[PDB]
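Peer 1: First, the structure itself, so that you have it in front of you.
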Amino acid sequence: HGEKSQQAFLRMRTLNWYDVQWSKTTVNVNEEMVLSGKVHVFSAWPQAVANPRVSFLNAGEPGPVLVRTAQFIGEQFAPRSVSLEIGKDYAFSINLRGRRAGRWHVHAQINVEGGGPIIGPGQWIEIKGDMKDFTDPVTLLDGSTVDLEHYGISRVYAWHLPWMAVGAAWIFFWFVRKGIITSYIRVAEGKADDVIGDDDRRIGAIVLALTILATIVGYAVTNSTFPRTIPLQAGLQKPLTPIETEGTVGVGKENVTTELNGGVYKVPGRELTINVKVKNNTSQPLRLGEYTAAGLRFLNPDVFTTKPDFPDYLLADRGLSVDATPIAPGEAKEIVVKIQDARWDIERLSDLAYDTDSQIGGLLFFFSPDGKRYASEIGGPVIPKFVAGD
Amino acid sequence: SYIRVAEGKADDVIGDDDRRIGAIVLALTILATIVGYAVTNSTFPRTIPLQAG
Amino acid sequence: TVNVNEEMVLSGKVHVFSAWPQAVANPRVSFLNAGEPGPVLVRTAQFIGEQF
Amino acid sequence: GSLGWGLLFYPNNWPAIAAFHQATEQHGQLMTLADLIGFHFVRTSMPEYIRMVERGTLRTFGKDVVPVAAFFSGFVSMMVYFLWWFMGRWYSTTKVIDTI
Amino acid sequence: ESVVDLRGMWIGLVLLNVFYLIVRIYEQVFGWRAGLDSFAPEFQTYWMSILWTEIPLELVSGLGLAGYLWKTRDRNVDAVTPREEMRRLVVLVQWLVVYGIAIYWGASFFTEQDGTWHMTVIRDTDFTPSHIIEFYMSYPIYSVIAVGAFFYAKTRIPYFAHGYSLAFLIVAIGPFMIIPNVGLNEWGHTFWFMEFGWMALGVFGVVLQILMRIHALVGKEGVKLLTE
Ligand SMILES: [Cu+2]
Ligand SMILES: [Zn+2]
């Protein structure tokens, strides 16, 4: 839930989150909600963060309030590490059984090898019922079923606690069989050997030989129970497959281009004002409908006459405008865009002044006259303007 | 002072108000710094980290 | 079969699998060899990827 | 002692340094004066990339980059101190020896 | 009168396990929903409050116990009688049993507790709900009993007066050398690129030294004879 605090420019110039969706924003204990979406691996990936050559799909939740049943990215089951190539987009989803009574702000999240966590969209999800009732379960190869929420926990205690008691007995035995003070004094004067000496040793020998036996047995039995068993399954998964529809930046015949050509943010402030040399490049008319950054959507209310379903918070209606002058096809045009929202400031993207790279990143969403959408990536050096009035 | 330290004492060398000198010089120093900071904070209240990457 | 000094030649082709395990380094750097108990046969020359 | 020494470093440097931490616009990119000063006055072996300086991480929260750096620097100096105190001792040795 | 008192020990143990048990509970309750996002204002009321209080409170608690024990020091220590030493030692063993428990709470419970909270958030700054307690509470406390024990011995037992047992000195000073460890252990990766173990079982020495005094303050009579 940190997102606000992470260096602005990194949150922007890494993972560009879009089309994020929570199946059901309420749930019963055991009720199988699913969060999903797509994400664009920025192209000018910061030196600061390692190559996403090795990454991991997660759901950003305060502990296991919701179990994860399964999860899939780049068209794969992704319980292990996965490669994201620089400049592609990928699709993902996470199956999330409900577990803990309450109201939990659940993010889509991805971590990188030599980088750390990148936190995306999160929506308040609400569970009801009683944790008491939570189960899974899961199915073994041999056939059977087991409640993960309870499986094995018994055997653990059954083997640890006896031993812990054994240990504790060993100690107490000697502590009351030659004191501390006594035995320190025995040692202190000549002897010693008043403290130890067989059959103290014969005790040892016995207690030892028993312990070895107790283990042999303990092993042999737990070898009979479960004579199946395999090593923990781990390693980087086979390379991912990116989204190819359409587009989906740099895919197909139809596309939009965007150079940045300067831009300014007010410090402190709410406004970012940027010049975009757009080329188009489809064969249709295109008005700019959206700008996404750290998962915040900045909308043009011309294009979004209404006004979609997306957690507050995180959802602006002032990524405006152009003159809604649909541009092309064929047309090579430079256009000014203003972004102006409270969220730009509330999510601390305004603290891009603080950063060791003053630079913008993220997605531009073009829309046709009908329903079709065209994604082009925007990135580059923005300047700050320092305003009086704190 | 080496000889003082060398024989019994020492404490002939130091001992307040040698200490009181310290406490004073110290307190001034922390002050001069607080000042020196606050001023160069007003001069140039803009500022950004070295740009690199 | 060969005489001492008789110039036999072992050759073939190989496919660098695609889902290369994390366990093993990139084959960015590799070396061609012939698996034999010591130098029972000398190696006169060897070529891969159309190179010496 | 060493904690203090740690904290006061940056504070006591700020007066000299701030001056060059002012922003300049350079071909549509931001630089500090320092960045630039180094950029101007050509060092025959000093490419930015060698610099060993902050370039940002996902793990930075705040708005604390310097606080934590100066704290860390004080808490470590505690150890460096102890070790260097006793080295200041061996180094003070009036021992005399027999052969070389 | 009598050597063994124990009344003092209980006061500490009781007053302590209680204050930790309150906190555990208060963190149970306000940890979950009140300290999940630092940018919220219910964080300021429930955590960022505790922090701002405890440090200055701790810092004064420490210099307090210090000054007091020094002040009330036995100015003519060497004169101390065999019984009154023996009693004084048993008071010292007492301080050490509280130091014991402080060590438990500060260094095991609230320390490995932090482990599981790292699996729960993504951290808004270094001040979690777990750090407020581990670092700026459970440690300082355990450190301040440590100091107590040290100064008590020093100002009541001739041996620890005109001295500094190195063992005890360690015990009382290495707690200010765990922050370098346990703390910076955390800013591992962030503080990294610009790049066995020093520990505190110094108590071994300290109890060993105590033990020798006891062995002394019992004649050949009690010694050899009563405990063969
Ligand atoms: Cu959240
Ligand atoms: Zn921690």
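Chain identifiers are assigned as A, B, and so on, following the order in which chains appear in the structure tokens; residues are numbered from 1 within each chain, and ligands are numbered from 1 in order of appearance.
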Please find the residues contacting ligand 2 at a distance of at most 12 Å between atoms, with only C-alpha atoms and all ligand atoms counted, and report them as a PyMOL selection string.

Peer 2: chain E and resi 110-136+179+182-188

Peer 1: What does the list of residues within 7 Å of ligand 1 look like if you count only C-alpha atoms and all ligand atoms, written as a PDB file with C-alpha atoms, in the first residue's frame?

Peer 2:
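New file selection.pdb:
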```
ATOM      1  CA  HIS A   1       0.000   0.000   0.000  1.00  0.00           C
ATOM      2  CA  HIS A 105      -7.180  -2.940  -0.545  1.00  0.00           C
ATOM      3  CA  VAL A 106      -5.952  -5.533  -3.103  1.00  0.00           C
ATOM      4  CA  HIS A 107      -3.318  -4.589  -5.702  1.00  0.00           C
ATOM      5  CA  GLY A 122      -5.655  -1.896  -6.015  1.00  0.00           C
TER       6      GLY A 122
END
```

Peer 1: Taking 5 positions as the minimum chain separation for residues in the same chain, which residues sit within 12 Å of residue 39 of chain B when counting only C-alpha atoms? Answer as a ChimeraX atom specification.

Peer 2: /B:32-34,44-45 /D:11,14-16,18-19

Peer 1: Could those residues be written to a file, using N, CA and C atoms, as a PDB file, in the first residue's frame?

Peer 2:
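Wrote it out as part19.pdb, contents follow:
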```pdb
ATOM      1  N   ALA B  32      26.270  27.697  14.998  1.00  0.00           N
ATOM      2  CA  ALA B  32      26.846  28.187  13.748  1.00  0.00           C
ATOM      3  C   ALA B  32      26.463  27.298  12.590  1.00  0.00           C
ATOM      4  N   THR B  33      26.354  26.006  12.858  1.00  0.00           N
ATOM      5  CA  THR B  33      25.912  25.067  11.838  1.00  0.00           C
ATOM      6  C   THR B  33      24.412  25.258  11.565  1.00  0.00           C
ATOM      7  N   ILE B  34      23.581  25.218  12.614  1.00  0.00           N
ATOM      8  CA  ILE B  34      22.144  25.443  12.458  1.00  0.00           C
ATOM      9  C   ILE B  34      21.926  26.684  11.603  1.00  0.00           C
ATOM     10  N   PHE B  44      19.025  29.908  -2.308  1.00  0.00           N
ATOM     11  CA  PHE B  44      18.742  28.644  -3.025  1.00  0.00           C
ATOM     12  C   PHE B  44      17.710  27.750  -2.312  1.00  0.00           C
ATOM     13  N   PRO B  45      16.425  28.148  -2.289  1.00  0.00           N
ATOM     14  CA  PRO B  45      15.467  27.219  -1.676  1.00  0.00           C
ATOM     15  C   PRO B  45      14.824  26.306  -2.722  1.00  0.00           C
TER      16      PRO B  45
ATOM     17  N   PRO D  11      24.783  18.195   6.958  1.00  0.00           N
ATOM     18  CA  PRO D  11      24.491  19.515   7.480  1.00  0.00           C
ATOM     19  C   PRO D  11      25.661  20.465   7.370  1.00  0.00           C
ATOM     20  N   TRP D  14      26.251  21.127   3.496  1.00  0.00           N
ATOM     21  CA  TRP D  14      25.177  21.850   2.820  1.00  0.00           C
ATOM     22  C   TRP D  14      25.463  23.296   2.439  1.00  0.00           C
ATOM     23  N   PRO D  15      26.087  24.077   3.347  1.00  0.00           N
ATOM     24  CA  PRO D  15      26.379  25.466   3.008  1.00  0.00           C
ATOM     25  C   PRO D  15      27.285  25.644   1.813  1.00  0.00           C
ATOM     26  N   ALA D  16      28.232  24.739   1.624  1.00  0.00           N
ATOM     27  CA  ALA D  16      29.170  24.904   0.531  1.00  0.00           C
ATOM     28  C   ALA D  16      28.544  24.429  -0.768  1.00  0.00           C
ATOM     29  N   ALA D  18      24.897  23.247  -1.612  1.00  0.00           N
ATOM     30  CA  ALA D  18      23.596  23.725  -2.081  1.00  0.00           C
ATOM     31  C   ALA D  18      23.722  24.552  -3.362  1.00  0.00           C
ATOM     32  N   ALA D  19      24.631  25.540  -3.328  1.00  0.00           N
ATOM     33  CA  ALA D  19      24.960  26.441  -4.456  1.00  0.00           C
ATOM     34  C   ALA D  19      24.939  25.750  -5.815  1.00  0.00           C
TER      35      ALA D  19
END
```

Peer 1: List the neighbours of segment 229-237 of chain A out to 10 Å using only C-alpha atoms; skip same-chain residues closer than 3 positions along the sequence, and give me the result as a list in words.

Peer 2: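 Result of the neighbour search: residues 53, 54, 55, 56, 76, 77, 78, 79, 80, 81, 82, 83, 223, 226 and 240 of chain A; 19, 20, 21, 22 and 23 of chain C.
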
Peer 1: Please list as a PyMOL selection string every residue within 12 Å of residue 46 of chain A, counting only C-alpha atoms and excluding residues in the same chain fewer than 5 positions away.

Peer 2: (chain A and resi 7+9-15+41+51-52+86+114-115+356-361+379-380) or (chain B and resi 52-53) or (chain D and resi 55-58)

Peer 1: Calculate how many Å separate atom CA of residue 22 of chain A from atom CA of residue 347 of chain A, rounding to one decimal.

Peer 2: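 We find that atom CA of residue 22 of chain A and atom CA of residue 347 of chain A lie 21.3 Å from each other.
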
Peer 1: Show me, as a CSV table (one decimal) with N, CA and C atoms, in the first residue's frame, the residues of chain D whose atoms get within 10 Å of chain B, using only C-alpha atoms for the distance check.

Peer 2:
```
chain,number,residue,atom,x,y,z
D,8,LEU,N,26.2,15.3,11.5
D,8,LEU,CA,26.8,16.7,11.2
D,8,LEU,C,27.5,16.7,9.9
D,10,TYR,N,26.7,16.0,6.5
D,10,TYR,CA,25.9,16.6,5.4
D,10,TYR,C,25.5,18.1,5.8
D,11,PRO,N,24.8,18.2,7.0
D,11,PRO,CA,24.5,19.5,7.5
D,11,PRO,C,25.7,20.5,7.4
D,12,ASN,N,26.8,20.1,7.8
D,12,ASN,CA,27.9,21.0,7.7
D,12,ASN,C,28.5,21.1,6.3
D,13,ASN,N,28.1,20.3,5.4
D,13,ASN,CA,28.5,20.5,4.0
D,13,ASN,C,27.5,21.3,3.2
D,14,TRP,N,26.3,21.1,3.5
D,14,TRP,CA,25.2,21.8,2.8
D,14,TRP,C,25.5,23.3,2.4
D,15,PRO,N,26.1,24.1,3.3
D,15,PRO,CA,26.4,25.5,3.0
D,15,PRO,C,27.3,25.6,1.8
D,16,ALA,N,28.2,24.7,1.6
D,16,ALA,CA,29.2,24.9,0.5
D,16,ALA,C,28.5,24.4,-0.8
D,17,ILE,N,27.7,23.4,-0.6
D,17,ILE,CA,27.2,22.5,-1.7
D,17,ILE,C,25.9,23.0,-2.4
D,18,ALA,N,24.9,23.2,-1.6
D,18,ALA,CA,23.6,23.7,-2.1
D,18,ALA,C,23.7,24.6,-3.4
D,19,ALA,N,24.6,25.5,-3.3
D,19,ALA,CA,25.0,26.4,-4.5
D,19,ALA,C,24.9,25.8,-5.8
D,20,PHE,N,25.5,24.6,-5.9
D,20,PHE,CA,25.6,23.8,-7.1
D,20,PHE,C,24.5,22.8,-7.3
D,21,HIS,N,23.6,22.8,-6.4
D,21,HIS,CA,22.4,21.9,-6.5
D,21,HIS,C,21.2,22.6,-7.1
D,22,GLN,N,21.5,23.8,-7.6
D,22,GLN,CA,20.5,24.5,-8.4
D,22,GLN,C,20.4,24.0,-9.8
D,23,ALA,N,19.1,24.0,-10.3
D,23,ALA,CA,18.7,23.4,-11.6
D,23,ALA,C,19.0,24.3,-12.8
D,24,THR,N,19.4,23.7,-13.9
D,24,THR,CA,19.5,24.4,-15.1
D,24,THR,C,18.9,23.5,-16.2
D,29,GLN,N,16.4,19.1,-20.9
D,29,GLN,CA,16.7,18.1,-19.9
D,29,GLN,C,17.1,18.9,-18.7
D,30,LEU,N,16.9,18.3,-17.5
D,30,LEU,CA,17.4,19.0,-16.3
D,30,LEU,C,18.8,18.6,-15.9
D,31,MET,N,19.5,19.5,-15.4
D,31,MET,CA,20.8,19.1,-14.8
D,31,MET,C,20.9,20.0,-13.5
D,32,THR,N,21.8,19.6,-12.6
D,32,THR,CA,22.2,20.5,-11.6
D,32,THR,C,23.5,21.2,-12.1
D,33,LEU,N,23.8,22.3,-11.5
D,33,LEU,CA,25.0,23.0,-11.8
D,33,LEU,C,26.2,22.1,-11.7
D,34,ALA,N,26.3,21.4,-10.7
D,34,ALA,CA,27.4,20.4,-10.5
D,34,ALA,C,27.5,19.5,-11.7
D,35,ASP,N,26.4,18.7,-11.9
D,35,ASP,CA,26.3,17.8,-13.1
D,35,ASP,C,27.0,18.4,-14.2
D,36,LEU,N,26.7,19.7,-14.5
D,36,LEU,CA,27.1,20.5,-15.6
D,36,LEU,C,28.6,20.8,-15.5
D,48,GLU,N,30.4,9.8,-16.4
D,48,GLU,CA,29.2,9.6,-15.6
D,48,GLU,C,28.8,8.1,-15.9
D,49,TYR,N,28.7,7.3,-14.9
D,49,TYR,CA,28.4,5.8,-15.0
D,49,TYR,C,29.4,5.2,-14.1
D,51,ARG,N,30.2,7.0,-11.6
D,51,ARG,CA,30.1,8.0,-10.5
D,51,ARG,C,29.9,7.4,-9.1
D,53,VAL,N,27.0,7.1,-7.3
D,53,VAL,CA,26.1,8.1,-6.7
D,53,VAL,C,24.7,7.6,-6.8
D,54,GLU,N,23.8,8.3,-6.1
D,54,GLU,CA,22.4,7.9,-6.0
D,54,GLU,C,21.9,7.9,-7.4
D,55,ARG,N,21.2,6.8,-7.8
D,55,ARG,CA,20.5,6.7,-9.0
D,55,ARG,C,19.1,6.2,-8.8
D,56,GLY,N,18.7,5.9,-7.5
D,56,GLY,CA,17.3,5.6,-7.2
D,56,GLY,C,17.0,4.2,-7.1
```

Peer 1: Can you list, as a VMD selection string, every residue of segment 65-225 of chain E that DSSP puts in helix (DSSP H, G or I)?

Peer 2: chain E and resid 65 to 71 77 to 79 82 to 117 129 to 154 166 to 177 179 to 183 203 to 216 221 to 225

Peer 1: Name all residues at most 8 Å from segment 217-226 of chain E (count only C-alpha atoms; drop same-chain ones fewer than 4 positions away) and give them as a list in words.

Peer 2: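 Residues near the query, excluding close chain neighbours: residues 185 of chain A; 82, 86 and 213 of chain E.
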